[PDB]
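First comes the structure, then the notes that go with it.
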Ligand SMILES: CCCCCCCCCCCCCCCC(=O)O
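In the authors' numbering, the protein residues as written are 0 to 132.
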């Protein structure tokens, strides 16, 4: 059941994004611009295929996937990773693997807001998105 995640979402709060990017080895200039960027995330479904767009003034990404089926992904910071997205406890869990490393991108709905928690190493970033009508 993925349906409550679907729609267009705008960033309205961010904690520790610099820590997370730094852990991934993102350079200072990219971190600088990213810390000021407020992306729009669009999640749409067509049958079993989900498409997740992230749009901003800095970088844009798009992925399509089926839940529970691995896919190749090239992230906004240019990592080539092996990914899988699944539902766990009602949360949308996106796991990326590369070079023996892992990061998780966990999305949960709390009071109608979409909370994205990104973990790599010890770094934990929490970003809050609100739904656009
Ligand atoms: C597509 C906009 C990405 C802006 C950040 C660019 C540099 C760091 C990328 C780290 C991995 C992706 C982070 C996604 C954060 C989010 O969706 O709010």
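Note that beta-carbon positions come from the ideal geometry of N, C-alpha and C, so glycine has one too.
Q. Who does residue 29 pair with in a DSSP beta bridge?
A. Paired residue(s): none; residue 29 is not in a bridge.
**Q.** Residue burial classification, residue 34 (beta-carbon count within 10 angstroms, cutoff 16)
**A.** Flag for residue 34 reads exposed.
Q) What are the boundary residues of the alpha helix (DSSP H) that residue 18 is part of? A) DSSP places residue 18 inside the alpha helix (DSSP H), whose first and last residues are 16–22.
(Q) On a Cα-Cα basis, can you pick out the residue from 16, 129, 86 and 65 that is closest to residue 121? (A) Residue nearest to residue 121 within the set 16, 129, 86 and 65 is 16 (criterion: CA-CA distance).
Q. Which residue or residues does DSSP assign as beta-bridge partners of residue 64?
A. Residue pairing for residue 64: DSSP places it in a beta bridge opposite 49.
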